[PDB]
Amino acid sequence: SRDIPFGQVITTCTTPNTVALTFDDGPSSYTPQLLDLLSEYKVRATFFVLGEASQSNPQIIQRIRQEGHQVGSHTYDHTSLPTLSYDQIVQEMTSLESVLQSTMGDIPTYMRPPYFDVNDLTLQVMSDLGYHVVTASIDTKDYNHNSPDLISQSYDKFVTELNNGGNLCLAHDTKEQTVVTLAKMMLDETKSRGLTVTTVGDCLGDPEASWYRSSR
């Protein structure tokens, strides 16, 4: 199977006719409802999770994994990594590894940088630690439309960027309107198109055995 680069920004799925719906900054109190919706549609998603959220909601981390979704790293503290030293960037990653090792029994090989901010130093750390670096090719901007009257604008951006060939989509399951309204709109549209709605690792051709590794 494919070799997938480490320490190099990945924006787009490679498996034809796939789409990866992804959710950042959780788990949150809305994540369980989103998991219910994903199971109704029989799809898989990817969750790039944070430190305090994972420590507060370990049972949601376990439920994400048991229902076949992928857990990726979003750093512990959500710091813009180019504002940090090499050692500090390492610590942002390994501190979340301690949390995830204890909650889900392994650690991710996929990460998403806060705000998509990268520089050479950040990419060097991710290469050295063995992380695939994922940003996005669809960005819902749902954080800025988190109200019933605004959330349709995130769907319009989603559809337009999907039509432009985007296939790796950023939303936040910390936002109520993303879970209660936008996710169903995205899932209906991807179902209508007959897309394979799957994890980031799967949409890159990576077997699930490679989305995680044992403790360092």
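Heads up: residue numbers just count along the shown sequence, starting at 1.
Two stretches are in play, 163-171 and 33-41, and the higher mean C-alpha B-factor belongs to 33-41. When the C-alpha B-factors of 144-152 and 46-54 are averaged, 144-152 comes out higher. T178: CA B factor lies in the middle third for its chain, per the PDB record.
Looking at the C-alpha B-factors along this chain, the one for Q66 belongs to the highest third. Residue-level temperature factors show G201 in the lowest third of its chain, judged at the C-alpha atom. Per-chain ranking of the deposited C-alpha B factor places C13 in the lowest third. Remark: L129 belongs to the highest third of its chain, ranked by C-alpha B-factor as recorded.
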